[PDB]
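I have placed the structure first, in the form of structure tokens, so that the comments after it can refer back to it.
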Amino acid sequence: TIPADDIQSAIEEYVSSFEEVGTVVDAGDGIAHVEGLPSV
Amino acid sequence: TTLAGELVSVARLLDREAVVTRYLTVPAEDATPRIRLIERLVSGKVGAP
Numbered sequence: 005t006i007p008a009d010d011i012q013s014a015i016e017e018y019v020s021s022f029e030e031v032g033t034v035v036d037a038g039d040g041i042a043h044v045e046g047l048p049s050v
Numbered sequence: 200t201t202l203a204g205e206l207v208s209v210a211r212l213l214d215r216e217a218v219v220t221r222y223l224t225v226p227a228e229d230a231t232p233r234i235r236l237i238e239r240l241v242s243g244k245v246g247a248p
């Protein structure tokens, strides 16, 4: 079942786990959206 | 049958914490931290396959 409310630790570590490349997801009119690049 | 039970249980677990689902559902290339995350969630809770 559900853990003992340690989920935040998991995710916070997932974030603390952060050569980097992103990918363009949208483009048009001179404006782009870039997925990735967690440290820009 | 226990595969089905545990998989629907972890589905409940996913729909219970939306933020962790958002995090593990990033469409990124080096997804390896994600996989760590998930086993970190149920390392000793469910079956191996």
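Sequence lines, in order, name chains B and d. Residues 5 to 22, 29 to 50 (PDB author numbering) make up the first sequence, in order. The opening residue of the second sequence carries number 200 in PDB author numbering; numbering runs sequentially from there. Every residue, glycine too, gets a C-beta built ideally from N, C-alpha and C.
Contacts around residue i, its chain only, beta-carbon distance under 8 angstroms, and the 5 residues preceding and following it disregarded
{"i": "d/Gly246", "result": "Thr201, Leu202 and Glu205"}
{"i": "B/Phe22", "result": "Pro48 and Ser49"}
{"i": "B/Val31", "result": "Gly46 and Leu47"}
Extent of the continuous alpha helix (DSSP H) to which residue i belongs
{"i": "d/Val241", "result": "That residue, d/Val241, is in no alpha helix (DSSP H); it is neither H nor E in DSSP."}
{"i": "B/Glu16", "result": "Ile11 to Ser20"}
Distance between beta carbons of residue j and residue i, contact taken as under 8 angstroms
{"i": "d/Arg233", "j": "d/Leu223", "result": "5 angstroms"}
{"i": "d/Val219", "j": "B/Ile11", "result": "6 angstroms"}
Cβ neighbour criterion (16 or more within 10 Å) applied to residue i
{"i": "d/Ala217", "result": "exposed"}
Beta-carbon proximity of residue i to residue j, cut-off 8 angstroms
{"i": "B/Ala14", "j": "d/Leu212", "result": "no"}
{"i": "residue 27 of chain B", "j": "d/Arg215", "result": "The structure shown gives no position for residue 27 of chain B: in chain B, residue numbering passes from 22 to 29 with nothing in between."}
Range of the contiguous beta strand (DSSP E) that encloses residue i
{"i": "d/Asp214", "result": "It is not in any beta strand (DSSP E) - d/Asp214 instead sits in the alpha helix (DSSP H) that spans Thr201 to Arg215."}
{"i": "B/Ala42", "result": "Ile41 to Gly46"}
{"i": "B/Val34", "result": "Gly32 to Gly38"}
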